[PDB]
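Quick setup: one chain, the form deposited without this ligand, written in structure tokens, and binding and motion questions come after.
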């Protein structure tokens, strides 16, 4: 009975972003839908409330973009999520619960530079044989405000494009590094992504030769946003560095990363509103020689 937009008070509204009664028919199904922002001006996403069917739904992702892959009521996410860049805003995983946005922090959508659409991805895990009749309305409610937030959340995406896994090599490192040269960002969560061959992915800020861990995770565990215990400030002159560790054991051919494989690290940050950028990316390895003296911790496996 909840309408897609619910005014909350003079300045805020909730959007209820829900599957239009879908029926997953196999285990391991990804469905996607879109929701345009109802406002054309800038607005700020400041909270999220998951509404997941607690048996079947394994994970949910919410993205902001300007071109969803489809205009239909829903689609299969094999088709893509957005044809333009899809900016992740939120993850939920059943056995790795999200952490709240820090107080005073919002994502900026709408307006001139912000996303016009949300794209929701719902991943349905294992299914009982006998639910061919069943409609599901899983998704997320989103709290938006037109009140300017002091701190603006964004994403710093580190991606590997250059590396290949020679078959049967037990350990392959993919290294990513860029200098940072914007106003300060404060990293408060991260998410890792590879396919079946990823063993561990770690992110670091390097400042005057000293490495500070942002986070490290097995990319085979739930790919939600893990909190960074104490936010890591990243400033002009710092290098960001990431290492994905892959195995090629039991393979029978080269695997290109960046793609039978991928090494993605999503670093969620906030910046002071007047200096904020919503999205930054590193796709290179600017200081490869720096990795000879990476902390040994970066190479230690996680289950």
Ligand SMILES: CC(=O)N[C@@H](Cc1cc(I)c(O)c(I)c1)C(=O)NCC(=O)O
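Positions refer to the first chain, counted from 1.
What follows is about the form deposited with this ligand bound, which we do not show.
Heavy atom of residue 51 within 4.5 Å of this ligand in the deposited complex: Within the cut-off, so yes.
query: Is there a non-hydrogen atom of residue 134 within 4.5 angstroms of a non-hydrogen atom of this ligand in the deposited complex?
result: Because no heavy atom of residue 134 falls inside 4.5 Å of this ligand in the deposited complex, the answer is no.
query: Should residue 266 be classed as touching this ligand in the deposited complex when contacts are defined as heavy atoms within 4.5 Å?
result: Contact with this ligand, yes.
- prompt: Any chance residue 31 has a heavy atom within 4.5 Å of this ligand in the deposited complex?
  reply: Residue 31: no, not in contact with this ligand in the deposited complex.
field: in the deposited complex, segment of 151-159, 124-132, 67-75, 169-177 with a heavy atom within 4.5 Å of this ligand
entry: Going through the listed ranges, the match is 151-159.
query: Exactly one of 187, 88, 165, 93 has a non-hydrogen atom within 4.5 Å of this ligand in the deposited complex; which residue is it?
result: When this ligand is considered in the deposited complex, the option within 4.5 Å is 88.
- request: Please pick, from 142, 201, 119, 214, the one residue with any non-hydrogen atom lying within 4.5 angstroms of this ligand in the deposited complex.
  value: Looking at the other structure, the residue within range turns out to be 142.
message: At 4.5 Å by heavy atoms, is each residue in 47, 61 and 191 next to this ligand in the deposited complex?
response: Yes, the whole trio is in contact, each within 4.5 Å by some heavy atom.
Sequence-ordered residues of 6-24 touching this ligand in the deposited complex, heavy atom within 4.5 Å: If the 4.5 Å heavy-atom criterion is applied to this ligand in the deposited complex, 6-24 yields 6, 8, 14.
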